[PDB]
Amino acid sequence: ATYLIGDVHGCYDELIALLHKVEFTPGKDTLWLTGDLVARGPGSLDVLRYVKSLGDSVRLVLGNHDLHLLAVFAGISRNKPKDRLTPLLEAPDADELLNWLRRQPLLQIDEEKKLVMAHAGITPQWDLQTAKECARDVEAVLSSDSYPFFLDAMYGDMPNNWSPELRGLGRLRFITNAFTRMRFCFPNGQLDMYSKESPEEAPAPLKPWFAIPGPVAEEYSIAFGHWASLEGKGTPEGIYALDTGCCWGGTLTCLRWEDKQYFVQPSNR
């Protein structure tokens, strides 16, 4: 079976309880995770240890809090107490876990299921070939010996409009923002980097990225996490918003792909 779970955010107990609920069995089943494995919840260290141990039985994409953790690890960014990352950062296997984490993809594609996953979704300004090329470019910088320079460069809110003519720092910043921070778009597909509310309580003319027809969403289903204030609701057919806010006292959501059956684990917080 194929299971897809939204942002775990260090909620190890809930993750394991949910996987026991569906009798997840590596070697028979595959797990897709929308990223943001770490921060806010109490068990980022155990989550990373477990997800890494799954090997080919898990298909992960990186989220914005995963990248922030890498930035803290590399000395680029300051640790915020609220993220609860110190046990992971101080673990004897931190190097092994975090060098594994930075080698993971930003984008997962399964052609037989016609299924695409990214942390925040796929901007309507990208076709599939472009999304693939952009994921490959950022994955290449993250898996390189010089990844702290990219992590430093990634911070920023502009440019917010895609063009194949983008070059350099602006190109990487846009790619990172589209994959890991995007929520709302302007009518022309331009990213808005400030509004984090639900679609209904958002100011006009902003609309969810998935409400703007894009080439990828026309041919593929898209599963994503990130946007907790969406509460997993309000999406079109073929769009699966899996982040139901577990670390915030919401729920951890698991979708089984074969029958589109949902399984939910209450937050312990």
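Each residue number is its position in the shown sequence, starting from 1.
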Q: Between 208-216 and 63-71, name whichever shows the higher mean Cα B factor according to the PDB entry.
A: 208-216
**Q.** Residue range whose averaged C-alpha B-factor is higher in the record, 154-162 or 94-102
**A.** 154-162
Q | Selection from 35, 234, 43, 55 [criterion: highest C-alpha temperature factor in the record] | A | 234
Q) What's the residue among 86, 146, 123, 108 with the greatest CA temperature factor in the PDB record? A) 146
Q.
Split into thirds by Cα B-factor across the chain's modelled residues, where does residue 51 land: lowest, middle or highest?
A. lowest
Q: Ordered by C-alpha B-factor within the chain, which third holds residue 247? Give me lowest, middle or highest, please.
A: highest
Q: Compare the C-alpha B factor of residue 239 with those of the other modelled residues in its chain, then answer lowest, middle or highest third.
A: middle
Q: Classify residue 180 as lowest, middle or highest third according to the C-alpha B-factor given in the PDB entry, relative to its own chain.
A: lowest
Q | Where the record places residue 135 (Cα B-factor, split into thirds across the chain) | A | middle
